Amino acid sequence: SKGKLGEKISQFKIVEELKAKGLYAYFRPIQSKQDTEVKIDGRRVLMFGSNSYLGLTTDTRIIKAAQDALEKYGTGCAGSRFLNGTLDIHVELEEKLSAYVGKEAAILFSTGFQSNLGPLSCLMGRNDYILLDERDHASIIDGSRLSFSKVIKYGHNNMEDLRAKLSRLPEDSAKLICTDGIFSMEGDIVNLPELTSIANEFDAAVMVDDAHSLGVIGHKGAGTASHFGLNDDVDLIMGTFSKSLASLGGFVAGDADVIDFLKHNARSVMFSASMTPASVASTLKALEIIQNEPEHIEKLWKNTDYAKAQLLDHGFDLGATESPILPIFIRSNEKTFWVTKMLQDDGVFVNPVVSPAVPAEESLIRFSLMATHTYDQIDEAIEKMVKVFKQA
């Protein structure tokens, strides 16, 4: 019955107004492979709103391995890892990833989202606590909400607030601090050194979500712990295969006893079909490439440095970023939407960040770099962004 249901959604009219005004730019139908340039409605558009940091989704070798996987293993495993969904290649990926981040064991999940849901939902129980950075990814908030523990949020990268909130908690109770390595919104890095110091001072477990760190920071792209050399102080390293690794899925690495507990207690892995053979081979090949070919990470950072400088010279107000995620502040929801659509019309694809995700004064567009980007593409994009910002 749709009576009361109709009332609950009747209030949501932002999409309706966005479309009517001709400003709507969500769910854009791309007709070609994710690349530095994508075809939308038959026309070419520069892609600066991607998470494919190393531009590997088009690598013919990664594509080949995926196609080979399908030829040997089929289109899917038709079951969770727990039961009939485990393949030797899943196990191989887990050990390769374990060696990569320098941990004993690892467990894959169908998506990066479910990778956070698992550990956050079953490690901390009834009289325990989960400490979250207020800007943590949504999957982290949800995962913590799935637990039966008390979830406490602390100021963004505010160590004083972290220590303060931790010190109020009872001695006899477990605590788990969970943080993004590189935060997706402003592209900044977590203060791991101080967070871990506070953590092992109160004996709290530490989990880091490296969705945007893998293949970006750390030795050979190994992540945030690797970046700070704090591997030994991070209990759980979580990552995703949907960004630098050009695939779909995720993982959680840590000590053998903890991962074994995860494997058999996390609902997101026990009750969800395993990742497709194509994605496993895809992730394996990409991982190999990220390590054995330093040109990619190097290329990514050359584009990031070049674009960041180019943007600052044009007067743009960039956020406190320390990654390939360049947040260009706009400070107006309407203007942010307008800029996005106008750039889209001018062949430039950027991601908008608006309310209710952030207050109107903190609204911005996310400009993201890929290793495969060229100085020309960057110049063309920025050149058009100046023009559009002028018009607004």
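For every residue, the number given is its place in the sequence shown, counted from 1.
Look at the C-alpha B-factors of 263 to 271 and of 279 to 287. On average they run higher in 279 to 287.
In this entry, 350 to 358 has the higher mean Cα B-factor, the comparison being between 33 to 41 and 350 to 358. When the Cα B-factors of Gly76, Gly102, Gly223, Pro170 are read from the PDB record, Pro170 comes out highest. For the set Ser363, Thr57, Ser323, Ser50, the maximum C-alpha B-factor listed in the entry falls on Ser363. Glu134: CA B factor lies in the lowest third for its chain, per the PDB record. Ranked against the other modelled residues of its chain, the C-alpha B-factor of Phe27 as given in the entry falls in the lowest third. Split the chain's modelled residues into thirds by C-alpha temperature factor. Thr179 is in the lowest one.
Ranked within its chain, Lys153 lands in the middle third, by CA B factor from the PDB record.
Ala253: CA B factor in the lowest third of modelled residues in this chain (values from the PDB entry).
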